[PDB]
Structure formats: structure tokens, C-alpha cells
Amino acid sequence: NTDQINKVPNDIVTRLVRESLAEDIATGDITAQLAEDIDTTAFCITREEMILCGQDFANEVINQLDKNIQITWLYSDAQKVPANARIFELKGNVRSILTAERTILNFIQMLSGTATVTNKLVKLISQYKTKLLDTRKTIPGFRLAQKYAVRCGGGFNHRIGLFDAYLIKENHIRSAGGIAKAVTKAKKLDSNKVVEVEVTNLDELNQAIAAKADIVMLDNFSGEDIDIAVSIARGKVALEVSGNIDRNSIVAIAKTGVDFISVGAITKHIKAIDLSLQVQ
Amino acid sequence: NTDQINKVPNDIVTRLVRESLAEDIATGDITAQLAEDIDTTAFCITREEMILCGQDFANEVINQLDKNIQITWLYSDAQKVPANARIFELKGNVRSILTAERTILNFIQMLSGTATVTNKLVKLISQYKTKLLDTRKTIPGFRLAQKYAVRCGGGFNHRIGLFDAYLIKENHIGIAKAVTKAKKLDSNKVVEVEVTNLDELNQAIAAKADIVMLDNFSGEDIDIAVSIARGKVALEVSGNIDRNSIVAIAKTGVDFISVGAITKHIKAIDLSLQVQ
């Protein structure tokens, strides 16, 4: 069991916003200069049902552009927002608002996208005991941001990276000897770390179990083999299933009762949520 | 017409790669210590047809991790890579390679994804005079990256941001005035006006706009517009367009089609790095 990302660190939210504003704004929003320099009002809708994620970023965009803009949130991160509902309201300067706009909803679109994908898969497997794990198949620079989205949507965090946990693969098993060696060396270095071994075989699974691993990733097992594995592993090691899984394969696998299902699809791809800022 | 992005500026590539390595690596890849401190070989394969994008990022990752890794590219940025073809070959240290892998893949799968979707749409409108344009609906921090992924795929760049061209939308909008004050402030920029109807289009033409964006027109009204605008202003059609509606719009003969889908969504190409 890994650390769960239940908030993105501020310094990471800040830097990501900063760089986002720059790439878009540079010397200045030239078209905003054509708008009356006054206060007004605005609000943001979804056009579709969604799991909100991105409050912190949107907030940070406001904060960096014009602390004068007041925001009120009608929904918070990790909530199911109904299609056509207002997520937040704005009161402030027209120019600032028109400038904040695209950046703000580019963060919500994305992260709510990620959260909403996750939630789908989760509802798909809500009847089974299985849980959803994410991966490192992330958008660069958005490792933590996406771990957070996935949590926001119902999913739990597989290891954050290469440092917090051990993941022993074919490539690793091949080198410095096989499985027993690998795990043993791995405990010797740091005994506090979770040791996971990926396998392609039931035989490799027995090894990793025999070597006293903490959890075992099943790479591309047949249904039947997953069944075998579960029997073998019950009470011994935690099991996580990997095999390019999507909304169309997850249920069959979840019916097996493996503890965990790894899914890169939930971070790898993005289905952005359709948003709109209504300014007036 | 607009600035086209045929290369991502070095520092952008550097800063991106640096932060993505940091976020993955931290104090260091602990699992790599189990692997032999030996030289080996590897290759990266695509498991589907695809347009390649992200060379600069893969290279730059190598450079930050271990300049002792040798890379050979069998396909370059903006080529069509066939399913199951190798993209590049590595000769180098097992540990450095195992550690570089995911960040490397994470870049190519993303940008080639963007270039690949873009290419699909282009092929769809292949038989018409219509050209594909992008938007500002990109991934935070990947503005230039994705303008480049789009160029790589056959698409063309709409303005880069809020600084390089005018875009008079409903909120700024009357029209005549707004255009006039724009050329005052800066006669040197493209003035674009987004319209919701044919009367506004008349206004924007009458005000000598550079290009005009049609927001959610019927086919019929798009037809009319085209007729009106021939030889006057360039037309661009925005209306939440996807692979399923682009052809109908292209048949109209409008100059440009605006698609946010090509960058706001991400369909990652499937990749694998076979080490050894």
C-alpha cells in the first residue's frame, strides 16, 4: 500500500500555472485591450456529466493574474457534477477574466477528464472487490496532478515513481540473477520499501511468492490463469492485473476477484471535458 | 499567414524534460540497482500505425540522463511510422536505459498521438481545398509542443497565444469599432473576428477583418458565407468538430476548419521499449 495523492503540492501547482500563463500570454493579451476596463461577472458550465478536478489550479491562475478576481465554487474537486451545471462563479475585471479564461478551463478540462475516465472504470467494477491502480504512463510534468485526478475519480495510486517503491521486471530478473536474488537484494538495500515483481508465468508467480514479495503484477494472463493465480495468492501476496486494460475488458477481469487492476488508459489518454466560460 | 511551428525552442524542451525526469526519478531509481552495471542494447517499437513526434524530447532526455547512450533514429519527426516498425535504437548502460525509458515513451506516445489524430483528419479532407487549423485548447505547458505535433501531422497553426494575433470574440464585441481600434493599437497583426451569424460576418468583412471565424453555423449558412466571402476574407469554421462531422463541413469549400479536438484530447500511441 502506497502513499495516496490527496492534494498536489502548492509549488507544483504554482510552477505549472506560471509556465502555462507565460506560453500563452507573453507580452500581453492584445485583444483584451479592446474591452472596457471595468468589473463584471461570469460563470463556468460543464456541457456534460463529469468528475471535477482542478480547483487548486484555477485558483492559482486567478491568484497569479489578478488577486482582485473573486471566485465562488459551487462544486469541489472529486464531486460528480451534473451536465449543464455551474461549477464556479467569477466577479472581477473583464480583461483579467478574459485572459484567465483559456488557461483556467484548460486545467479543468484535462484533470476533470482524467478523473472522469477513472470514475467510469470504477463504476464498472463497483460490484466486485477489485480496486483500480494507476501507473507511470502519465503526461510529462503532470505526474502528481494526474495521480490526484485519479484519486479524485475513485482510483488509488500505484507507486508515484522510481523512488518510493520497487518494481522488478523481466529486464531486472534477467540481470543479477532471477527472482529470489532480485527481491533479496532489494530488501537488503532498503527494507522499508514495497517490493513488487512483474511476472508472465504462474511459475514466476510462485517464485515471487516464495521470495516473499509484497505484491505481484500479472502481465497479460489469460482469464483462466488469473483464476489460478488468485487461488495461489489468496492470503499470500497481493495481486495486480496488467494487460492493456480498458472499459471493455475490465469487467471480465474484475469477475476473477483479483485485488487490483492496473490501467494506464486512465492517464495515457485524455478525453477532455467540454466546458464554457459565460462572461457577463 | 500565421507563424508556423517547425521546431520547439530548445529551452522549452530542456525545462520540460528536466521537470518530468525530476518528478519520476527524485533521489534516484531504486530498482535499477538490481540490474547489472553493464552496457546493453535496445530498440523502441510502435504497435500501431502512427505519425512520429518527440525526437527532440527523447534526445534531450538522453542528454540529461547519460550522454553515453547512443541513439539511432530509423524514422524522424513527421514521418508515417508503420505498425510494428522500430523507431530508434539505443546502445548503452542498462541502468540509465531502464530509468530513461518511461519518460522517453511518455513523450513520444503523447506527441505522436497528437500528430496522429491530426493526420487522420487531414486524410479525411484530403480531396477538398480545406486546411486544418488548431486552437489554444492545448495541454498546459505543451502549447508550442502541440502546435508542433499538429504541424507534424499535416495541420496548420492558428495564432500561438493571446499576444501574436487579434481574436475579436463576442465579449470584445461593436464590430466596426473593435476592428478599427485594433489596427490602431497595432496595424501589424492579423485581425480575426469570431461571428455567430451572417449579419455579423457582413460587419466584419465591411470592417476589413483579416479572417473570420464562423461559430456553429448550419451547413446552409456556411454555404452562404463561403459565397459572400470569396475574394474578401478567409473563412475558418469552429463548431466542436470531430472526425464524424469534418467531411460535411469540408464539402462546403470553406478555407479553414478549426478543431480543438486535435489537441485537447490525447490518444496515446502504443509503444514498447524492448531492452536487449
# chains A, B, ... in the order shown; residues from 1 in each chain; ligands from 1

call {"tool": "residues_around", "arguments": {"residues": "residue 22 of chain B", "least_positions_apart": "3", "cutoff": "12 Å", "atoms": "only C-alpha atoms", "output": "ChimeraX atom specification"}}
result
/A:12,140-144,160-163 /B:15-19,25-29,61,64-65,99-100,103

call {"tool": "interface_residues", "arguments": {"of": "chain A", "to": "chain B", "cutoff": "6 Å", "atoms": "only C-alpha atoms", "output": "PDB file with N, CA, C and O atoms, in the first residue's frame"}}
result
ATOM      1  N   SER A  20       2.244  27.934 -17.836  1.00  0.00           N
ATOM      2  CA  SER A  20       1.032  27.941 -18.670  1.00  0.00           C
ATOM      3  C   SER A  20       0.604  29.330 -19.088  1.00  0.00           C
ATOM      4  O   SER A  20       0.094  29.527 -20.177  1.00  0.00           O
ATOM      5  N   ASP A  24       1.219  31.358 -23.069  1.00  0.00           N
ATOM      6  CA  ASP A  24       0.009  31.825 -23.728  1.00  0.00           C
ATOM      7  C   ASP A  24      -0.023  33.355 -23.838  1.00  0.00           C
ATOM      8  O   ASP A  24      -0.505  33.905 -24.839  1.00  0.00           O
ATOM      9  N   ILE A  25       0.521  34.031 -22.827  1.00  0.00           N
ATOM     10  CA  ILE A  25       0.344  35.479 -22.684  1.00  0.00           C
ATOM     11  C   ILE A  25       1.541  36.311 -23.145  1.00  0.00           C
ATOM     12  O   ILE A  25       1.381  37.375 -23.762  1.00  0.00           O
ATOM     13  N   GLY A  28       1.553  40.266 -23.543  1.00  0.00           N
ATOM     14  CA  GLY A  28       0.240  40.720 -23.138  1.00  0.00           C
ATOM     15  C   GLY A  28      -0.882  40.333 -24.073  1.00  0.00           C
ATOM     16  O   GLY A  28      -0.714  40.302 -25.299  1.00  0.00           O
ATOM     17  N   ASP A  29      -2.033  40.028 -23.482  1.00  0.00           N
ATOM     18  CA  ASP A  29      -3.251  39.758 -24.233  1.00  0.00           C
ATOM     19  C   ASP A  29      -3.652  41.010 -25.003  1.00  0.00           C
ATOM     20  O   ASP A  29      -4.217  41.951 -24.434  1.00  0.00           O
ATOM     21  N   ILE A  30      -3.357  41.043 -26.295  1.00  0.00           N
ATOM     22  CA  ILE A  30      -3.591  42.267 -27.058  1.00  0.00           C
ATOM     23  C   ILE A  30      -5.059  42.558 -27.315  1.00  0.00           C
ATOM     24  O   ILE A  30      -5.445  43.717 -27.412  1.00  0.00           O
ATOM     25  N   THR A  31      -5.870  41.511 -27.429  1.00  0.00           N
ATOM     26  CA  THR A  31      -7.286  41.670 -27.753  1.00  0.00           C
ATOM     27  C   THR A  31      -8.087  42.071 -26.518  1.00  0.00           C
ATOM     28  O   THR A  31      -9.116  42.743 -26.622  1.00  0.00           O
ATOM     29  N   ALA A  35     -11.347  45.643 -24.582  1.00  0.00           N
ATOM     30  CA  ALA A  35     -12.525  45.558 -23.719  1.00  0.00           C
ATOM     31  C   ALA A  35     -12.569  46.681 -22.685  1.00  0.00           C
ATOM     32  O   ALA A  35     -11.533  47.189 -22.274  1.00  0.00           O
ATOM     33  N   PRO A 140       3.941  14.168 -19.254  1.00  0.00           N
ATOM     34  CA  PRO A 140       5.114  14.699 -18.570  1.00  0.00           C
ATOM     35  C   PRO A 140       4.805  15.990 -17.810  1.00  0.00           C
ATOM     36  O   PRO A 140       4.126  16.871 -18.341  1.00  0.00           O
ATOM     37  N   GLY A 141       5.295  16.074 -16.572  1.00  0.00           N
ATOM     38  CA  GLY A 141       5.135  17.252 -15.744  1.00  0.00           C
ATOM     39  C   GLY A 141       3.854  17.218 -14.942  1.00  0.00           C
ATOM     40  O   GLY A 141       3.606  18.087 -14.113  1.00  0.00           O
ATOM     41  N   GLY A 161       6.636   6.832  -8.406  1.00  0.00           N
ATOM     42  CA  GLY A 161       7.764   6.868  -9.321  1.00  0.00           C
ATOM     43  C   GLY A 161       8.794   5.760  -9.232  1.00  0.00           C
ATOM     44  O   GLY A 161       8.450   4.598  -8.994  1.00  0.00           O
ATOM     45  N   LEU A 162      10.063   6.108  -9.446  1.00  0.00           N
ATOM     46  CA  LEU A 162      11.127   5.107  -9.389  1.00  0.00           C
ATOM     47  C   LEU A 162      11.769   5.027  -7.995  1.00  0.00           C
ATOM     48  O   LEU A 162      12.613   4.166  -7.733  1.00  0.00           O
ATOM     49  N   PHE A 163      11.338   5.908  -7.097  1.00  0.00           N
ATOM     50  CA  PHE A 163      11.980   6.053  -5.793  1.00  0.00           C
ATOM     51  C   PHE A 163      11.178   5.485  -4.606  1.00  0.00           C
ATOM     52  O   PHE A 163      11.755   4.917  -3.684  1.00  0.00           O
ATOM     53  N   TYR A 166       9.532  -0.513  -5.238  1.00  0.00           N
ATOM     54  CA  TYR A 166      10.337  -1.404  -6.073  1.00  0.00           C
ATOM     55  C   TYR A 166       9.455  -2.039  -7.103  1.00  0.00           C
ATOM     56  O   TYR A 166       8.376  -2.478  -6.758  1.00  0.00           O
ATOM     57  N   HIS A 172      14.904  -6.783 -15.122  1.00  0.00           N
ATOM     58  CA  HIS A 172      15.620  -6.829 -13.839  1.00  0.00           C
ATOM     59  C   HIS A 172      15.892  -8.259 -13.398  1.00  0.00           C
ATOM     60  O   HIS A 172      16.957  -8.562 -12.853  1.00  0.00           O
ATOM     61  N   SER A 175      18.840  -9.796 -15.212  1.00  0.00           N
ATOM     62  CA  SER A 175      20.125  -9.342 -14.682  1.00  0.00           C
ATOM     63  C   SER A 175      20.353  -9.695 -13.220  1.00  0.00           C
ATOM     64  O   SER A 175      19.411  -9.863 -12.451  1.00  0.00           O
ATOM     65  N   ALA A 176      21.621  -9.790 -12.839  1.00  0.00           N
ATOM     66  CA  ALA A 176      21.984 -10.139 -11.471  1.00  0.00           C
ATOM     67  C   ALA A 176      21.185 -11.336 -10.961  1.00  0.00           C
ATOM     68  O   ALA A 176      20.851 -11.407  -9.780  1.00  0.00           O
ATOM     69  N   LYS A 268      -2.629   7.879 -19.672  1.00  0.00           N
ATOM     70  CA  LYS A 268      -2.136   7.853 -21.052  1.00  0.00           C
ATOM     71  C   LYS A 268      -2.943   8.693 -22.057  1.00  0.00           C
ATOM     72  O   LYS A 268      -2.394   9.490 -22.823  1.00  0.00           O
ATOM     73  N   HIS A 269      -4.250   8.460 -22.088  1.00  0.00           N
ATOM     74  CA  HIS A 269      -5.135   9.173 -22.994  1.00  0.00           C
ATOM     75  C   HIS A 269      -5.811  10.296 -22.227  1.00  0.00           C
ATOM     76  O   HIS A 269      -5.812  10.294 -20.999  1.00  0.00           O
ATOM     77  N   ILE A 270      -6.370  11.260 -22.953  1.00  0.00           N
ATOM     78  CA  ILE A 270      -7.202  12.294 -22.349  1.00  0.00           C
ATOM     79  C   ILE A 270      -8.496  12.493 -23.127  1.00  0.00           C
ATOM     80  O   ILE A 270      -8.476  12.771 -24.321  1.00  0.00           O
ATOM     81  N   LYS A 271      -9.629  12.343 -22.455  1.00  0.00           N
ATOM     82  CA  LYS A 271     -10.891  12.801 -23.014  1.00  0.00           C
ATOM     83  C   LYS A 271     -11.250  14.060 -22.238  1.00  0.00           C
ATOM     84  O   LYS A 271     -11.756  13.991 -21.118  1.00  0.00           O
ATOM     85  N   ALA A 272     -10.939  15.217 -22.807  1.00  0.00           N
ATOM     86  CA  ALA A 272     -11.243  16.476 -22.130  1.00  0.00           C
ATOM     87  C   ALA A 272     -12.752  16.707 -21.972  1.00  0.00           C
ATOM     88  O   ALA A 272     -13.551  16.446 -22.879  1.00  0.00           O
TER      89      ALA A 272
END

call {"tool": "atom_distance", "arguments": {"atom1": "atom CA of residue 114 of chain B", "atom2": "atom CA of residue 49 of chain A"}}
result
24.9 Å

call {"tool": "residues_around", "arguments": {"residues": "residue 243 of chain B", "least_positions_apart": "3", "cutoff": "10 Å", "atoms": "only C-alpha atoms", "output": "PDB file with N, CA, C and O atoms, in the first residue's frame"}}
result
ATOM      1  N   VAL B 117      -3.687  11.885 -34.608  1.00  0.00           N
ATOM      2  CA  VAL B 117      -5.083  12.276 -34.710  1.00  0.00           C
ATOM      3  C   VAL B 117      -5.184  13.315 -35.806  1.00  0.00           C
ATOM      4  O   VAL B 117      -6.023  13.237 -36.705  1.00  0.00           O
ATOM      5  N   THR B 118      -4.309  14.303 -35.712  1.00  0.00           N
ATOM      6  CA  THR B 118      -4.316  15.403 -36.647  1.00  0.00           C
ATOM      7  C   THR B 118      -4.232  14.843 -38.066  1.00  0.00           C
ATOM      8  O   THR B 118      -5.089  15.122 -38.906  1.00  0.00           O
ATOM      9  N   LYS B 120      -5.077  11.917 -39.204  1.00  0.00           N
ATOM     10  CA  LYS B 120      -6.320  11.253 -39.613  1.00  0.00           C
ATOM     11  C   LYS B 120      -7.276  12.262 -40.268  1.00  0.00           C
ATOM     12  O   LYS B 120      -7.696  12.083 -41.409  1.00  0.00           O
ATOM     13  N   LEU B 121      -7.599  13.327 -39.541  1.00  0.00           N
ATOM     14  CA  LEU B 121      -8.493  14.367 -40.043  1.00  0.00           C
ATOM     15  C   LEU B 121      -8.027  14.915 -41.380  1.00  0.00           C
ATOM     16  O   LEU B 121      -8.831  15.069 -42.295  1.00  0.00           O
ATOM     17  N   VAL B 122      -6.734  15.203 -41.499  1.00  0.00           N
ATOM     18  CA  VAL B 122      -6.194  15.689 -42.763  1.00  0.00           C
ATOM     19  C   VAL B 122      -6.518  14.719 -43.893  1.00  0.00           C
ATOM     20  O   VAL B 122      -7.045  15.123 -44.937  1.00  0.00           O
ATOM     21  N   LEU B 124      -8.849  12.720 -44.089  1.00  0.00           N
ATOM     22  CA  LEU B 124     -10.284  12.719 -44.322  1.00  0.00           C
ATOM     23  C   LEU B 124     -10.698  13.841 -45.261  1.00  0.00           C
ATOM     24  O   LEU B 124     -11.620  13.679 -46.072  1.00  0.00           O
ATOM     25  N   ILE B 125     -10.013  14.973 -45.172  1.00  0.00           N
ATOM     26  CA  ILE B 125     -10.382  16.119 -46.004  1.00  0.00           C
ATOM     27  C   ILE B 125      -9.413  16.349 -47.163  1.00  0.00           C
ATOM     28  O   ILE B 125      -9.464  17.377 -47.834  1.00  0.00           O
ATOM     29  N   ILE B 246     -16.367  16.599 -39.801  1.00  0.00           N
ATOM     30  CA  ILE B 246     -15.429  17.389 -40.601  1.00  0.00           C
ATOM     31  C   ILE B 246     -15.662  17.307 -42.126  1.00  0.00           C
ATOM     32  O   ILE B 246     -15.538  18.309 -42.833  1.00  0.00           O
ATOM     33  N   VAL B 247     -16.013  16.119 -42.623  1.00  0.00           N
ATOM     34  CA  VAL B 247     -16.222  15.930 -44.054  1.00  0.00           C
ATOM     35  C   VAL B 247     -17.384  16.771 -44.562  1.00  0.00           C
ATOM     36  O   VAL B 247     -17.289  17.424 -45.605  1.00  0.00           O
ATOM     37  N   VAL B 259     -10.284  23.034 -35.202  1.00  0.00           N
ATOM     38  CA  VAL B 259     -10.527  21.830 -34.409  1.00  0.00           C
ATOM     39  C   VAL B 259      -9.724  21.831 -33.107  1.00  0.00           C
ATOM     40  O   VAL B 259      -8.496  21.764 -33.115  1.00  0.00           O
ATOM     41  N   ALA B 261     -10.263  19.503 -30.863  1.00  0.00           N
ATOM     42  CA  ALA B 261     -10.167  18.074 -30.558  1.00  0.00           C
ATOM     43  C   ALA B 261      -8.776  17.533 -30.815  1.00  0.00           C
ATOM     44  O   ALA B 261      -8.334  16.596 -30.164  1.00  0.00           O
ATOM     45  N   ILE B 262      -8.073  18.118 -31.771  1.00  0.00           N
ATOM     46  CA  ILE B 262      -6.782  17.556 -32.125  1.00  0.00           C
ATOM     47  C   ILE B 262      -5.735  17.729 -31.023  1.00  0.00           C
ATOM     48  O   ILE B 262      -4.787  16.939 -30.956  1.00  0.00           O
TER      49      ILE B 262
END

call {"tool": "closest_residue", "arguments": {"among": "B:239, B:219, B:231, B:154", "to": "residue 195 of chain B", "atoms": "only C-alpha atoms"}}
result
B:239

call {"tool": "residues_around", "arguments": {"residues": "segment 217-223 of chain A", "least_positions_apart": "6", "cutoff": "7 Å", "atoms": "only C-alpha atoms", "output": "PyMOL selection string"}}
result
chain A and resi 197-200+239-243+253

call {"tool": "write_last_selection", "arguments": {"atoms": "C-alpha atoms", "output": "PDB file, in the first residue's frame"}}
result
ATOM      1  CA  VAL A 197       7.616  -8.229  -9.097  1.00  0.00           C
ATOM      2  CA  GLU A 198       6.090  -8.378 -12.554  1.00  0.00           C
ATOM      3  CA  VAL A 199       5.629 -11.876 -13.975  1.00  0.00           C
ATOM      4  CA  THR A 200       4.467 -13.528 -17.197  1.00  0.00           C
ATOM      5  CA  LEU A 239      -2.255  -9.343  -6.856  1.00  0.00           C
ATOM      6  CA  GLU A 240      -2.413  -6.602  -9.509  1.00  0.00           C
ATOM      7  CA  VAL A 241      -3.518  -7.383 -13.111  1.00  0.00           C
ATOM      8  CA  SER A 242      -1.939  -5.672 -16.146  1.00  0.00           C
ATOM      9  CA  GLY A 243      -2.757  -6.343 -19.792  1.00  0.00           C
ATOM     10  CA  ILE A 253     -11.029  -9.440 -15.213  1.00  0.00           C
TER      11      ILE A 253
END

call {"tool": "atom_distance", "arguments": {"atom1": "atom CA of residue 9 of chain A", "atom2": "atom CA of residue 137 of chain A"}}
result
20.1 Å

call {"tool": "residues_around", "arguments": {"residues": "residue 93 of chain B", "least_positions_apart": "6", "cutoff": "10 Å", "atoms": "only C-alpha atoms", "output": "list in words"}}
result
residues 36, 37, 38, 39, 40, 41, 66, 68, 69 and 70 of chain B

call {"tool": "write_last_selection", "arguments": {"atoms": "N, CA, C and O atoms", "output": "PDB file, in the first residue's frame"}}
result
ATOM      1  N   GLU B  36      22.428  -5.268 -13.696  1.00  0.00           N
ATOM      2  CA  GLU B  36      23.863  -5.296 -13.947  1.00  0.00           C
ATOM      3  C   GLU B  36      24.398  -3.965 -14.453  1.00  0.00           C
ATOM      4  O   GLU B  36      23.852  -3.389 -15.382  1.00  0.00           O
ATOM      5  N   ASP B  37      25.482  -3.488 -13.863  1.00  0.00           N
ATOM      6  CA  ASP B  37      26.085  -2.242 -14.317  1.00  0.00           C
ATOM      7  C   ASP B  37      26.862  -2.455 -15.624  1.00  0.00           C
ATOM      8  O   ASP B  37      28.066  -2.226 -15.687  1.00  0.00           O
ATOM      9  N   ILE B  38      26.154  -2.874 -16.668  1.00  0.00           N
ATOM     10  CA  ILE B  38      26.765  -3.330 -17.913  1.00  0.00           C
ATOM     11  C   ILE B  38      26.170  -2.596 -19.118  1.00  0.00           C
ATOM     12  O   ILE B  38      25.064  -2.082 -19.051  1.00  0.00           O
ATOM     13  N   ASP B  39      26.902  -2.530 -20.220  1.00  0.00           N
ATOM     14  CA  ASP B  39      26.317  -1.991 -21.441  1.00  0.00           C
ATOM     15  C   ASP B  39      25.397  -3.010 -22.095  1.00  0.00           C
ATOM     16  O   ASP B  39      25.643  -4.219 -22.052  1.00  0.00           O
ATOM     17  N   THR B  40      24.330  -2.514 -22.698  1.00  0.00           N
ATOM     18  CA  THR B  40      23.443  -3.358 -23.480  1.00  0.00           C
ATOM     19  C   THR B  40      22.860  -2.570 -24.645  1.00  0.00           C
ATOM     20  O   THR B  40      23.315  -1.472 -24.980  1.00  0.00           O
ATOM     21  N   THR B  41      21.832  -3.132 -25.247  1.00  0.00           N
ATOM     22  CA  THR B  41      21.276  -2.580 -26.457  1.00  0.00           C
ATOM     23  C   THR B  41      19.779  -2.540 -26.265  1.00  0.00           C
ATOM     24  O   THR B  41      19.256  -3.240 -25.398  1.00  0.00           O
ATOM     25  N   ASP B  66      22.263  10.443 -19.459  1.00  0.00           N
ATOM     26  CA  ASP B  66      23.543   9.788 -19.683  1.00  0.00           C
ATOM     27  C   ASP B  66      23.957   9.894 -21.149  1.00  0.00           C
ATOM     28  O   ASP B  66      23.496   9.123 -22.009  1.00  0.00           O
ATOM     29  N   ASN B  68      26.299   8.923 -22.570  1.00  0.00           N
ATOM     30  CA  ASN B  68      26.919   7.705 -23.059  1.00  0.00           C
ATOM     31  C   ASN B  68      25.979   6.778 -23.831  1.00  0.00           C
ATOM     32  O   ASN B  68      26.442   5.867 -24.514  1.00  0.00           O
ATOM     33  N   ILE B  69      24.668   7.009 -23.724  1.00  0.00           N
ATOM     34  CA  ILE B  69      23.695   6.297 -24.550  1.00  0.00           C
ATOM     35  C   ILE B  69      23.778   6.796 -25.994  1.00  0.00           C
ATOM     36  O   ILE B  69      23.714   7.995 -26.246  1.00  0.00           O
ATOM     37  N   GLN B  70      23.937   5.873 -26.939  1.00  0.00           N
ATOM     38  CA  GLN B  70      23.882   6.215 -28.354  1.00  0.00           C
ATOM     39  C   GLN B  70      22.491   5.930 -28.897  1.00  0.00           C
ATOM     40  O   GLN B  70      21.937   4.859 -28.666  1.00  0.00           O
TER      41      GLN B  70
END

call {"tool": "select_by_dssp", "arguments": {"residues": "segment 23-145 of chain B", "states": "strand (DSSP E)", "output": "PyMOL selection string"}}
result
chain B and resi 39-46+50-51+70-73+80-81+86-93+131-133

call {"tool": "residues_around", "arguments": {"residues": "residue 76 of chain B", "least_positions_apart": "3", "cutoff": "8 Å", "atoms": "only C-alpha atoms", "output": "list in words"}}
result
residues 52, 53, 55, 73 and 79 of chain B

call {"tool": "residues_around", "arguments": {"residues": "residue 211 of chain B", "least_positions_apart": "4", "cutoff": "8 Å", "atoms": "only C-alpha atoms", "output": "PyMOL selection string"}}
result
chain B and resi 190-193+233-236

call {"tool": "select_by_dssp", "arguments": {"residues": "segment 185-218 of chain A", "states": "alpha helix (DSSP H)", "output": "list in words"}}
result
residues 185, 186, 187, 188, 189, 202, 203, 204, 205, 206, 207, 208, 209 and 210 of chain A

call {"tool": "closest_residue", "arguments": {"among": "A:62, A:45, A:167, A:182", "to": "residue 83 of chain A", "atoms": "only C-alpha atoms"}}
result
A:45

call {"tool": "decode", "arguments": {"residues": "segment 266-280 of chain A", "atoms": "N, CA and C atoms", "output": "tab-separated table (two decimals), in the first residue's frame"}}
result
chain	number	residue	atom	x	y	z
A	266	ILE	N	-6.08	5.32	-18.07
A	266	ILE	CA	-6.70	6.41	-17.33
A	266	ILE	C	-5.83	7.66	-17.24
A	267	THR	N	-4.57	7.57	-17.67
A	267	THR	CA	-3.64	8.70	-17.65
A	267	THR	C	-2.99	8.96	-18.99
A	268	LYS	N	-2.63	7.88	-19.67
A	268	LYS	CA	-2.14	7.85	-21.05
A	268	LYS	C	-2.94	8.69	-22.06
A	269	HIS	N	-4.25	8.46	-22.09
A	269	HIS	CA	-5.13	9.17	-22.99
A	269	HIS	C	-5.81	10.30	-22.23
A	270	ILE	N	-6.37	11.26	-22.95
A	270	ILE	CA	-7.20	12.29	-22.35
A	270	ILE	C	-8.50	12.49	-23.13
A	271	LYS	N	-9.63	12.34	-22.45
A	271	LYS	CA	-10.89	12.80	-23.01
A	271	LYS	C	-11.25	14.06	-22.24
A	272	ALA	N	-10.94	15.22	-22.81
A	272	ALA	CA	-11.24	16.48	-22.13
A	272	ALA	C	-12.75	16.71	-21.97
A	273	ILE	N	-13.12	17.18	-20.79
A	273	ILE	CA	-14.49	17.58	-20.52
A	273	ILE	C	-14.78	18.89	-21.23
A	274	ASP	N	-15.97	18.97	-21.82
A	274	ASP	CA	-16.40	20.18	-22.50
A	274	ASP	C	-16.95	21.24	-21.53
A	275	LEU	N	-16.27	22.38	-21.54
A	275	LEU	CA	-16.54	23.45	-20.60
A	275	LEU	C	-16.85	24.69	-21.37
A	276	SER	N	-17.35	25.70	-20.69
A	276	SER	CA	-17.56	27.00	-21.30
A	276	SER	C	-17.56	28.08	-20.20
A	277	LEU	N	-16.86	29.19	-20.43
A	277	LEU	CA	-16.97	30.32	-19.51
A	277	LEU	C	-17.96	31.34	-20.08
A	278	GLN	N	-19.07	31.55	-19.39
A	278	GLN	CA	-20.00	32.58	-19.82
A	278	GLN	C	-19.69	33.90	-19.09
A	279	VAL	N	-19.25	34.88	-19.87
A	279	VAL	CA	-18.82	36.16	-19.33
A	279	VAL	C	-19.85	37.26	-19.56
A	280	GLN	N	-20.61	37.56	-18.51
A	280	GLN	CA	-21.50	38.73	-18.47
A	280	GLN	C	-22.52	38.68	-17.34
